[PDB]
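Take a look at the structure set out below.
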Amino acid sequence: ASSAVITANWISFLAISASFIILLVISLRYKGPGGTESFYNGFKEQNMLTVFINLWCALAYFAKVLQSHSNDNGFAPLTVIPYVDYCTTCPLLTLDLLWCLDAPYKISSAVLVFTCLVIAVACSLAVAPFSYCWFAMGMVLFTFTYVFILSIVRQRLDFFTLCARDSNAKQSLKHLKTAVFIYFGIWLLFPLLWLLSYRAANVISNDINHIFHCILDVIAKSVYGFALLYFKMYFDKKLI
Amino acid sequence: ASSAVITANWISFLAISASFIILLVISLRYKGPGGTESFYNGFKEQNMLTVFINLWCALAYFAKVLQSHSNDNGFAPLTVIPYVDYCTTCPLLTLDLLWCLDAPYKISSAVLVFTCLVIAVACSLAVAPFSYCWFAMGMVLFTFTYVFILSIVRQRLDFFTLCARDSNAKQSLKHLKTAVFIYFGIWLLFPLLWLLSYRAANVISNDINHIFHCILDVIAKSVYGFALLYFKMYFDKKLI
Amino acid sequence: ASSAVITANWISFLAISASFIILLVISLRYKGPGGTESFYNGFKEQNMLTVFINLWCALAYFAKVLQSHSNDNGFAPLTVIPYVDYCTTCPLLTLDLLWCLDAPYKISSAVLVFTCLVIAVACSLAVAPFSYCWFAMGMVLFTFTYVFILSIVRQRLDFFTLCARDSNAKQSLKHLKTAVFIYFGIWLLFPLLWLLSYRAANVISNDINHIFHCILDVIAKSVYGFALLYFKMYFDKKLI
Ligand SMILES: *C/C=C(C)/C=C/C=C(C)/C=C/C1=C(C)CCCC1(C)C
Ligand SMILES: *C/C=C(C)/C=C/C=C(C)/C=C/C1=C(C)CCCC1(C)C
Ligand SMILES: *C/C=C(C)/C=C/C=C(C)/C=C/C1=C(C)CCCC1(C)C
C-alpha cells in the first residue's frame, strides 16, 4: 500500500487501541452513581458495549495494518469483504445509543441497522446493474430506519431536556447532543462516500476514500463513545 | 430462469413485501390491550419478531428475483447456499410461537431448530453417501425436536382452551389452532420435498420444487404471522 | 486418515453423544430443588447451555467421523477451518461457568473468549510472519481475559466457601473446584499444543495433536458439564 494509507491505518489502529484501553479502565474502575458498587458495570453489561465495539474496531484495523505490509489478503472478513466490520459494530452502536436513552425499539433499530449493512455488503459484492437495484433497496430501508431512529432520538432528547436543571445535567446534555450529532450527521457521509467512490461516480480515488473512512470511524467511535460515557456517568437519572 | 420460476419469484417477493409493510404498520400503530401505550411493542420487541422474519424473507426473495434476471449468482448466502435463509428465519418463527404461548424451552426449541437447519445445510452441500448419513442424523434430531415442540404446543393449547370462554377468545383460539396446524403440517412437507427432489428420489423437477417452496414459504410466513397477530391482539391474557 | 485418528474420532463422538443424551435426560427430568416444578429448566434456559454445548460438540465430531472416511472435506466450518467449533462452544462454556457462579461480566467474559477464539482462527489461516503477529495479539488478549476471569472465579469461590457448611454443600464445592481446575489448567494446554504443533516448533506430529485435542475436548466438556451439573443441583443457594 501507499505511505499515506499505511500511516493512516497505523494512526487509526493506535487511536482506537488507546480509546479501548481507556474506556475499559474507566468502566472497570467505575463504582456507579453512589460510588459503592465494586462491579456496577459487571451486572449491567450494556454499559460495556462501547468498549467491546472499540475493541472489535481496533482488531479490524490491526488486520488492515497487517494487510498494509503484505501482498496477500489478511483476515478476509475484516479486510476483504467490505462493511462486515460495520455489520458487526454499527448495530451495537445503535443498541447502546437507544439503551442509554432508554429508547423503545432498541433491538428493532439494531436489527434494522444490521439488515441495512447486510444489504450494503450484498451491494458491494454485486455486479451492475444489479448493484444499482441493491443500492436502491438499501437506500429505501436506510431512509426508513433513519427517519424512525431520528423520531425516537428527538423525542427522548426532548424528554431528557424537559427535566434537566443541574449544571452537571446541562453539561451531560451538551455531550449527549454532540454524540447525537456525530451519530446522525456522520452516518449520512458513508452513503455519500459510497456514491462518490470508484462505484457509481468515480471522482475520489481509493486512497482518499480509505483515509476519509478511517477518520470517520475514529471520530464516530472514539469521540462518540467518550461523549456517551460522559453523559451516562455525569447525568442523574433520578431527576426524571 | 424459466418464465414460471421468475413469475413465482416476483409474486412471492411482492406478497412477502406487502405482508412485512402491513405487519410493521399494525405493530407501530398498536397501542396495547388498553389502547393507551404509544410504544407498546417498543418495550416488547418479541412481538416485532414476525415483522423482522417477513422482512428477511422479503430480502431473500428480492435476491432471488435478481438471480432470476442475471446469469451470475446473486447474494450467495440467500440464493446459492440452500436453507441459509431458513437457518435465519425458522428459529425466529419457533421462538415467536413459543413466546406468544408463554411456552417453556423457547430458546432451547429455537436452538434445536437452528441446529437441525444447519445439519440440513451440511447435508445439501455434502456428497453421497455421506449426504445420506447427514440426512439421517438431521432426521433423528428433527424427529426429537418435532415431538418435544408438539408436546409443549399441545399442553399450552389445552391450557389456553381450559380458560377461554369469550367469543373473541374463541375466535383468537381458532386463529391460534390454524397457525399451529400451518406450523406443524406444512413443516413436514419440507423434508418430503427434499426427499422427493433431484437428491434421493429424482421425480419432481427443479422448477416444481422451487414453486412449491415459494408457496409453502408464502403461506407459512404471511398467513402464519397474520394469524399469530390476530391471536395476540384479540385474546385477553388476564382470563388465565 | 490413520487407524488411530479414526478410532479416536469415533470414541470422542460416541462419548460426547452419550454425555449429551444423559445431560438432556437429566435436565428434562429435573424438577428443581423443591421437586415440584415440571419445567424448572424450561423457564431457566441457561441451565440447558451445557447440553447444547455437548450437542454442538457431538455434531462437530460427527462431521470429523465423516471426514475420516472420505477423501473430500466434510462440513468445512466444523472440519476445515480450525477453532470455529471452539468459537461456537467455548464462549457458551464461559457464560455457563459465570452464570452458575452468579459472577459479574459473564457476557463480557464470553465476548472476550469469542474475540480470542476469532483472533486464533485468523492466526491459523494467516501466513508467517503475520501469523506470529496475530498469535502475539491473541496471546496478550487471552492473558488479560485469563487474569480477569480467574480473579472473578477466585472471588466467587471464596464467597461460596464462606457460607458452605452442609456435607452436600461441601461435596458440591469439591465438584465445583474440580470443574474450575479443568476449566483453567486444561485451557492453558491448547495454546501449548498450538505452539508445539507443525506451526512454530514442529515436534509433535499431526496425529498426536489431534488425539490430544480430542482427549482435552472430551474431558473439559463431558466431565466439566457433569461436575457443573452436580454442583448446580446439589448445592443449596439459600445458604447465602
Ligand atoms: C463505525 C462505523 C459505522 C457506524 C459505519 C456506518 C455505516 C453506514 C451507516 C453505512 C450506510 C450505507 C448506506 C445507507 C447505503 C449503502 C452504503 C452504506 C453501507 C455506506
Ligand atoms: C419459512 C420457512 C421455513 C419455516 C422452513 C422450514 C424448513 C424445515 C423445517 C426443514 C426441515 C428439513 C428436515 C427436517 C430434514 C432435512 C431437510 C429439511 C431442511 C427440509
Ligand atoms: C471445548 C473446547 C475448548 C474449551 C477450547 C478452548 C480453546 C482455547 C481457550 C484456545 C486458546 C488459544 C490461545 C489463547 C492462543 C491461540 C491458540 C489457541 C486457539 C489454542
Side-chain angles (χ1 to χ4, degrees), chain A residues 44 46 94-113 144-165 169 173 176 180 235-240, chain B residues 19-55 92 95-103 106 156 159-176 179 224-240, chain C residues 43:
Chain A
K44 302 202 196 58
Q46 59 262 18
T94 302
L95 180 65
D96 197 33
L97 181 66
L98 296 189
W99 215 321
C100 325
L101 290 171
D102 189 285
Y105 295 104
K106 62 186 167 211
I107 322 207
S108 313
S109 304
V111 168
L112 276 165
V113 163
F144 161 75
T145 316
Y146 189 96
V147 170
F148 190 59
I149 294 174
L150 189 48
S151 172
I152 310 173
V153 168
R154 293 182 70 268
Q155 192 176 10
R156 296 307 295 159
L157 258 56
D158 288 345
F159 162 77
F160 273 117
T161 317
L162 262 183
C163 47
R165 294 179 202 178
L173 253 173
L176 174 65
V180 163
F235 183 82
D236 270 33
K237 284 312 178 74
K238 89 192 176 180
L239 260 58
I240 176 160
Chain B
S19 59
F20 156 71
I21 287 172
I22 296 168
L23 291 162
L24 176 66
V25 165
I26 293 170
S27 304
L28 291 181
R29 288 174 55 73
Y30 180 52
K31 305 277 288 311
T36 58
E37 297 249 346
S38 306
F39 309 97
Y40 181 90
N41 288 331
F43 302 113
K44 302 202 196 58
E45 294 217 63
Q46 59 262 18
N47 300 345
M48 306 286 316
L49 277 172
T50 288
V51 173
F52 282 116
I53 286 159
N54 272 262
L55 172 59
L92 301 196
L95 180 65
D96 197 33
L97 181 66
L98 296 189
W99 215 321
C100 325
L101 290 171
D102 189 285
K106 62 186 167 211
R156 296 307 295 159
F159 162 77
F160 273 117
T161 317
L162 262 183
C163 47
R165 294 179 202 178
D166 300 12
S167 309
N168 186 32
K170 282 189 167 59
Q171 299 281 178
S172 58
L173 253 173
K174 289 179 180 181
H175 289 84
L176 174 65
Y224 170 91
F226 274 115
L228 269 195
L229 189 64
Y230 186 100
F231 163 71
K232 296 153 73 162
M233 298 188 353
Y234 294 173
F235 183 82
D236 270 33
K237 284 312 178 74
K238 89 192 176 180
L239 260 58
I240 176 160
Chain C
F43 302 113

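Letters go in sequence order (proteins before strands), and every chain restarts at 1.
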Atom [atom1] of [X] and atom [atom2] of [Y]: how far apart are they, to the nearest 0.5 Å?
X: B:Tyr224; Y: B:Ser19; atom1: OH; atom2: OG; result: 14.5 Å
X: B:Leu228; Y: B:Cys100; atom1: CG; atom2: SG; result: 5.0 Å
X: B:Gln171; Y: B:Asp166; atom1: CD; atom2: CG; result: 11.5 Å
X: B:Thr50; Y: B:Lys232; atom1: OG1; atom2: NZ; result: 4.5 Å
X: A:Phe160; Y: A:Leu239; atom1: CZ; atom2: CG; result: 11.0 Å
X: B:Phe52; Y: B:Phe20; atom1: CZ; atom2: CZ; result: 8.0 Å

So do [Y] and [X] actually touch side chain to side chain, heavy atoms under 4.5 Å?
X: B:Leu97; Y: B:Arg156; result: no
X: B:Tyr40; Y: B:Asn47; result: yes
X: B:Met233; Y: B:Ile26; result: yes
X: A:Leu150; Y: A:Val147; result: no
X: A:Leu101; Y: A:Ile152; result: no
X: B:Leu55; Y: B:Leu24; result: no
X: A:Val180; Y: A:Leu157; result: yes
X: A:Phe159; Y: A:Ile240; result: yes

**Request:** Apply side-chain contact (heavy atoms from CB on, under 4.5 Å) to A:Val113 and A:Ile149, showing your working.
**Result:** CA-CA 10 Å; A:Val113 163; A:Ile149 294 174; 4.2 Å; yes
For [X] and [Y], work out which heavy atoms get closest and say how close.
X: B:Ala227; Y: B:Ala179; result: CB-CB, 3.9 Å
X: B:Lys31; Y: B:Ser38; result: CE-CA, 3.8 Å
X: B:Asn168; Y: B:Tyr234; result: ND2-O, 3.1 Å
X: A:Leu95; Y: A:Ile107; result: CD1-N, 4.3 Å
X: A:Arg165; Y: A:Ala169; result: N-CB, 4.4 Å
X: B:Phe231; Y: B:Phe235; result: O-CB, 3.0 Å

**Side-chain donor or acceptor of B:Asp96 paired with backbone N/O of B:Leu49 under 3.5 Å** = no
**Request:** Could you label the plane-to-plane angle of the B:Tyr230 and B:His175 rings as parallel, tilted or perpendicular, counting under 30° as parallel and over 60° as perpendicular?
**Result:** parallel
**Prompt:** Would one find more than 12 heavy atoms of other residues, nucleotides or ligands at under 6.0 Å from atom CZ of C:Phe43?
**Reply:** yes
**Prompt:** Should the heavy atoms of other residues, nucleotides or ligands under 6.0 Å from NZ of B:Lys174 be counted, would the total exceed 12?
**Reply:** no
